[PDB]
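Reading the structure
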Amino acid sequence: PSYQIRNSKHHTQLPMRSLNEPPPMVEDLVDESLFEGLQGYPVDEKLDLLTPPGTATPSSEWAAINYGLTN
Amino acid sequence: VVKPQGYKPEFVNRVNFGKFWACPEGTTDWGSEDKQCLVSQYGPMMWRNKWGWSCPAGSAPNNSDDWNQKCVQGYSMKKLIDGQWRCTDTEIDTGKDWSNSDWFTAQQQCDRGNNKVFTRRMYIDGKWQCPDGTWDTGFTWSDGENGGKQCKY
Amino acid sequence: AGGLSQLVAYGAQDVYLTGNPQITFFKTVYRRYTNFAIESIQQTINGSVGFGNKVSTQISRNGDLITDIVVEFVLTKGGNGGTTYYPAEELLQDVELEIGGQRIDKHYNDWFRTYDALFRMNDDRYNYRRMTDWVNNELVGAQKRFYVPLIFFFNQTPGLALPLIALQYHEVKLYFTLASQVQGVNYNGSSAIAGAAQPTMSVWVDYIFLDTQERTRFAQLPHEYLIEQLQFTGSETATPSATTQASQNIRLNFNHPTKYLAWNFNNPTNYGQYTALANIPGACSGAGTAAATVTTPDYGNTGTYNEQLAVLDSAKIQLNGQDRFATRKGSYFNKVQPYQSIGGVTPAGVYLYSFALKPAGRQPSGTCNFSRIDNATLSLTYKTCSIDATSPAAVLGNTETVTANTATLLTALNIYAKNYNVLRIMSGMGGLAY
Amino acid sequence: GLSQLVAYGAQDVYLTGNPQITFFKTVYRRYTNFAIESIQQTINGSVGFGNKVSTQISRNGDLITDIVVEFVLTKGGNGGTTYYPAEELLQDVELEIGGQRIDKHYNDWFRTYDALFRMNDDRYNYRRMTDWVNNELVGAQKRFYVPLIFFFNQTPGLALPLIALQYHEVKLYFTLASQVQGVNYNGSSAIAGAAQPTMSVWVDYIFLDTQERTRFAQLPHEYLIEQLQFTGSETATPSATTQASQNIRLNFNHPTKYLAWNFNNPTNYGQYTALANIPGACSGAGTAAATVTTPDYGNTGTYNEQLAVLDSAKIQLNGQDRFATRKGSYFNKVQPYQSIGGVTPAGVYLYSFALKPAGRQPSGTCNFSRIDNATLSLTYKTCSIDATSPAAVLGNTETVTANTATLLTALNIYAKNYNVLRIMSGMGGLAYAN
Amino acid sequence: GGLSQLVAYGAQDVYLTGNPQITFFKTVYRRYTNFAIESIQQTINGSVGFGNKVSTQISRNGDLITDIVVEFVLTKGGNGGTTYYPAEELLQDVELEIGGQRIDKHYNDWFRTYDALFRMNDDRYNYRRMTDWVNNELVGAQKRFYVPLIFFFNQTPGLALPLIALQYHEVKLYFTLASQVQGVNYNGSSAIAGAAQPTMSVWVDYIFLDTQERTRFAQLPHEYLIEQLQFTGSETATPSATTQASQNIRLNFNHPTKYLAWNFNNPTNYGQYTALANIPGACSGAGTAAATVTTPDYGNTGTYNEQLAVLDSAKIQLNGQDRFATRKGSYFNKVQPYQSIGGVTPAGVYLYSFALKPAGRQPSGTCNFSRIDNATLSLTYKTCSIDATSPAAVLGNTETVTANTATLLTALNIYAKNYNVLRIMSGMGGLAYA
Amino acid sequence: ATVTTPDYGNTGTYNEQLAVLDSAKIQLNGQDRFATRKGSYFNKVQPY
Amino acid sequence: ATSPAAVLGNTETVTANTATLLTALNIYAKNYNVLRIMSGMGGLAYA
Amino acid sequence: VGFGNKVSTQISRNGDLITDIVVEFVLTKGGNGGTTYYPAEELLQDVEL
């Protein structure tokens, strides 16, 4: 299936830097596999909730939990 | 003072279904390029046709102003199939034939409930083929997670 | 020597752990966030506060977003230590959550008790009890302020804070039903306590104040929140007896992608009693001595982990009559399920079956969409009520398939289901997707 | 109501799509190559009761984290006479980097911190490492381990890069208490023959491989760290005939995560509550020998709020109320419920400015460097309850406490704030002074 | 109010909220592959009974497997206080075989050691409830016990074993049932006449994947970074009344090791890691006239009282070089788990981590013994001079001594938990490293 | 009098004490179409 | 039910012990369909 | 369930198709042999689909 399905990300008991500190990536802001404090949507310029690739908006998660995924 | 806004229709993007593109299932195959899929229940009587606004291909006029919401999402037409003016097997013929209705309700005939982008094939020509009025999408009953059969609007 | 002697010893098997490293542990990057402040503001309670009364509050538009809600109560003891059991929780019979005139959710005192029994733990659970009961051997006439937190989805995390700023035209309300009676406060079993005080109540909402860019954002943009809801029905228990194992086919009248089911059996007379009474320490009023009775609990010790006094022998869930999983013993739902899925300890008489990998989390992790199941059921087999509850030899020395003769008093069955829905806010108004 | 809304007849069918992630197959991150070693430091000065000693942390590894101060003490009396004596012994510890004080903790802070933020078995294990908890008798000898709680002593994420500090030394200065309860003094009475403590300081070092070690050694680094601010003050002591009140200036600076405080009787370490003739509340409590002027040292702490002295409190910023006045039990039970999840002993209070004050990640702060008038306003309970009569205590009201509660004359106010420890060109210090 | 905090904005806020990266007021969710979990019973080959070796084979009912729970039904061969985690004792060991290869193996003692170090609070209590009788049950009582397995795939969804990708390899489990279980079929060395044989069943929780995930598992090669337990038994250099014995134990381990763990024990009494004494809970009948220090209070076999522990101090050598400075046994018992786990470890159980967080799945530093030609654990024992029958002798003793009964702890159990790679390809699976 | 057999000619009554509905709601697709109302709402108010 | 006082003086949430005899529930719905007649024949447009 | 009573059931959509339906009854003899005639058949007075 043509989809970049990543591995699992579980709540780990240790903080970890992604070794890419000069360019702050946006896919690591919501990755719970590294952070341990709190979870929030990444805010873009002018405080706009920028959804990173792979994740989904709450409406898309509701559609995937009720109606179903695709192939 | 801040300028007031009108309908502001919501349109999604067409998706890749494998070797072809088509509009997602909660939406309709509206217009083209800039406005490919309608999401809301009403949309902008797209001008592109043949040229002509009806309304176009998959939606029908309602009695309103604000062109942005003059067509209602989820309809088609009698669409002659073989020798009879039947709706597609997955469509619901409202009964508004044309002659017993006014202009707006006469056009709103087939109620394409749950079948806005794909329908099933019909036993019309004795061969189980794509309905006369739609594009022949390459999927079949054996193919999983793709219940749609040759169809696109 | 020292740490360097380990560090230097890099082999082939270490490539999987440290070769071409992606991360480190020795420098944490912290994420910059928006400005916000949290203020605890008292809400107005309309209606008369008292036992059995219904009161309500409309949450004022003071902050921009809201989360935590705590209902304060001032109660007095109508008897000595041992007469109450989570009385502030018992008093708050139920709470309804309404947004825009639409019912979003509804919790019950028993839910709060079930939820706690199943999902809180360790010192959290203890600290919780300290806010809802008297736990320092207090005596009759003692006065105490209790704090009952609400557990609606927005009361658990900032991530789900309700955007009051985005609800220009819609009010958010809480309706609170106060119990007609609270054990050890205004009634000792069935007996009213003369002179008992009426409760004092206060509703506190912790508000989030945002900075200008984010306040504006919330006020202008549509917002969708994936939320939790509680479904609940009361059922009559197929009460077991001395000569038989009752069984029961319970229709699970639930809808939506359910995260988990939870249930308990209880004696509706005594709040929080999910097990049979017995003359063993902590299992009944006066247990262990001559004055012991197995008609009344030691209220202060109502909860227990002694499964012997529970009534479920076994159970299974079925969807349209097909088994959801193989039949397991009641102790499987009481001990293993929460071990696996929660990590706490669940009191006897309280059961869980999760459809989720992590039922306590925000993120969906497997659900049962009961809106697609024409006939979902719960099949319960009860234990035989043959144990003479007044005789410890019979109570403590018995087998798996039996329980107390007093277990037949657990005539109520409460089945809960927690599921996921979407709360939508647009252009100043909101309510649920379905 | 002329705004635009969406019907959403099939909004969710429209918004679905392919899976993004799978729960059943984990990818582990490849980490850097490092090793951990526990190395003893040399302590300068004579260690003993009341002495001031210090140590310089040797440049043995590259980064440091955990620090444990070991002490060896012998009981000067029987079980029931000591209370966290190794915690009491380390009167204070000061962290100096480059000669600049970075932080400083006090025995009372360790007690407050623990009482407020540790929990469950961690709290118990902590107690095992600082006290005698198995009914040990006079002469019993134990080695105690007092972990330090500086920012780098809690996470590798803030490991202090000694390697990056080539021109600056890092030192710890420790003050040992003149007296330790149940070890060298029983209340005010010295214990003849009591031994002086043995002391040892251990630092756990991180050894880095070449690529990471080099980056630390050469690059500038900014570590987000937590500092303690603290000062003691006189309490507006309450009495039998009155509810004392007090306006306390809060001389704090920096973006503060939270404030914490306690009231205490400076006579007895860790005593944050009143004494009474109820079990555990005083020496001999519950018997004819009970004295409500001396604590049961082994049971000094309690959750019985009836013995606490704060009726209510509020914090004002720039002279204005920051939140509505709440009862002392709010600060003691609810704040911790919401913000920590553990259980806080009576007499210990918290008010957070942060969503999660117990963690490392910033979650909202109060910048006192931008506040002209920060004031803590306290109202005390009336000290009218006769502590020698259990009925008087156990059956009392919300606004009163023990007559012995007037002995809690000292007030300790603590605050934790976020600063930045900057390291560059072999030197370092704080980003901000105030 | 809250606004007064927001306005207090300046230079020191920049590093916390300037250029915000995330907002805590909005949850982000991830679309996860749809799946379901079903509990399916596996059968047992061989006769179930004490001393018998039986086994199962996990069928391919689902695609991936995680949790495995072994159920046992046991009776009490004596009264309360005569058993100690008997279902744990009973399951002497479990061997994990894939394709005929031994992947791993757990031992009853390991389950006890593992629990002692890594479970905690109500997780630990709930666990005890599933393996023992904890509600003062009496002789003849019968209960179903649930003993979860702790193989790498039994701890997290992340390591669900890919039965799906193992077309040609079966996954089997061999379970050895102890010939004797205390308080069930034996009482110390005596058999219990009439004792019942156990009923046993093995339950496996299967994960059902959707079409897309299923396809990937079938077509892609896989590798998992997994845990293994290495274990050998050694004789203890038994200490005595007049001496501190010492011992150099070769650590015959290989692979990247997360941590070492060990204990000393009395082979006769399961879970006994400490000396017996006439102090409450430390021996059968402790504290009274009937006390004996040759038999434990089985129900209270474990204790946090180190005075009864045998080890004085220890160090680990790698190729004859010290790895860290010698630390006291109390350092391994209390500090190590404080730092690395956050729970409380009972006396007689020791831990030394090479990892920052050994309690997690993510590797965080390892000692690769495949690159250490000769690792050694060097142990020093306490002097066994304390007369265990004299409560004062024990309770008032010194750091370097223990009970005369500590010489009964003649066995040493050393464990090492390490990381290997399970490779799956062409329908077959097995480990990457010997 | 027998409370096992009705007075057939007087079977109908307006005495709600003898009715069994405490409350009800119409739920569409799993969610309340209106707030729960008492049985007397459906019996007396709706038709009023 | 055999004691008028018990019936006539009771509360909103209770009823007669004899109310347990009302075990059957009849649920009706009145709706609109379309009956069409043409060319001498007729019937309903929808299910 | 009893004599003269009317009972009913809805068939769940458990499988895909349904065929046979068997109604089980447990009856006892109120007299000796020769007193009954297909009594389980008599008992099921009617069935409506």
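Residues numbered from 1 in each chain as written, not as in the entry; some residues may be left out. Chains lettered and ligands numbered in written order. Part of a larger assembly, values for the part shown. Heavy atoms only, no water. Residues with missing side-chain atoms left out of burial classes, pairs and counts.

The record names cryo-EM as the way this model was obtained, at a resolution of 3.5 Å.

1. Observations concerning the overall build of chain E
As a reminder, the rule being used: Only DSSP runs of H or I with at least four residues qualify as helices, and only runs of E with at least two residues qualify as strands; both kinds are numbered from the N terminus onward. Radius of gyration: C-alpha atoms only; globule rule: 2.2 Å multiplied by the number of residues to the exponent 0.38. Note on contacts: a residue pair is in contact if any heavy atoms of the two residues lie within 4.5 Å. Note on areas: these come from Shrake-Rupley sampling with a 1.4 Å probe, and a residue is covered only by the protein chains present in the view.
When you go through chain E residue by residue, the secondary structure sums to 8 helices and 26 strands. Against the globule reference of 22 Å for 434 residues, chain E gives a C-alpha radius of gyration of 25 Å, in line with a compact fold. For chain E, the C-alpha atoms occupy an extent of roughly 70 × 70 × 55 Å along the three principal directions. The contacts of chain E with a sequence gap of at least 6 include a subset with a gap of at least 24, amounting to 76%. Carbon and sulfur atoms form 44% of the exposed surface of chain E, whose accessible area is close to 13300 Å².

2. Side note on the pattern of salt bridges
Worth spelling out the cut-off: Think of a salt bridge as a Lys or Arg side-chain nitrogen and an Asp or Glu carboxyl oxygen that are within 4 Å of each other. We call a residue buried when its accessible area falls under 20% of the maximum for its residue type, exposed when it is over 50%, and partly exposed in between, using a 1.4 Å probe and counting protein chains only.
In this structure the tally under the stated criterion is 56 salt bridges over all chains. The salt bridge involving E228 of chain C is made with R362 of chain C; its shortest N-O contact spans 2.5 Å. Within this pair, whereas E228 of chain C is found in strand β11 (residues 223–236), its partner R362 of chain C is found in the loop between β17 (350–354) and β18 (368–369), the two being separated by 134 residues in sequence. On the accessibility criterion, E228 of chain C (3% relative accessible area) is buried. Between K258 of chain E and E227 of chain E there is a salt bridge, and its shortest N-O distance comes to 2.6 Å. Of the two residues, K258 of chain E is situated in strand β16 (residues 256–265) and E227 of chain E in strand β14 (residues 222–235); the sequence distance between them amounts to 31 residues. Considered together, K258 of chain E and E227 of chain E belong to a single accessibility category, that of buried residues.

3. Focus: the environment of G342 of chain D
Mapped onto the fold, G342 of chain D is located in the loop between α6 (328–339) and β19 (348–352). As a C-alpha pair, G342 of chain D and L116 of chain D span 226 residues in sequence and 7.4 Å in three-dimensional space.

4. Let's talk about the interface of chain D and chain E
Keep this limit in mind: By buried area we mean the combined loss of accessible area, with a 1.4 Å probe, across both parts when two parts are placed together. Here a polar contact is taken to be a pair of N or O atoms separated by no more than 3.5 Å, where protein atoms must pair a possible hydrogen donor with a possible acceptor and residues adjacent in sequence count only if both atoms sit in side chains. The residue classification treats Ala, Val, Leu, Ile, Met, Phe, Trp, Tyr, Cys and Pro as nonpolar and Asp, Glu, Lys and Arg as charged. All others, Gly included, are polar.
Counting from both sides, the interface comprises 68 residues of chain D and, opposite them, 71 residues of chain E. Taking both partners together, chain D and chain E bury about 6200 Å²; carbon and sulfur atoms supply 55% of that area. Its largest share of buried area at the contact with chain E, chain D owes to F24, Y28 and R128 of chain D, together 15% of the area lost on that side. Inspection of the chain D/chain E interface yields 2 salt bridges. Residue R143 of chain D pairs with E399 of chain E through a salt bridge whose shortest N-O separation is 2.9 Å. One can count 39 residue pairs in polar contact joining chain D with chain E. Of all the secondary-structure elements, those providing two or more residues to the side of chain D that touches chain E are β1 (21–26), β2 (34–41), β5 (63–74), α4 (120–128), β8 (141–147), β12 (198–208), β20 (366–367) and β24 (410–424) of chain D. Here the side of chain D that touches chain E is built from residues that sort into 31 nonpolar, 21 polar and 16 charged.

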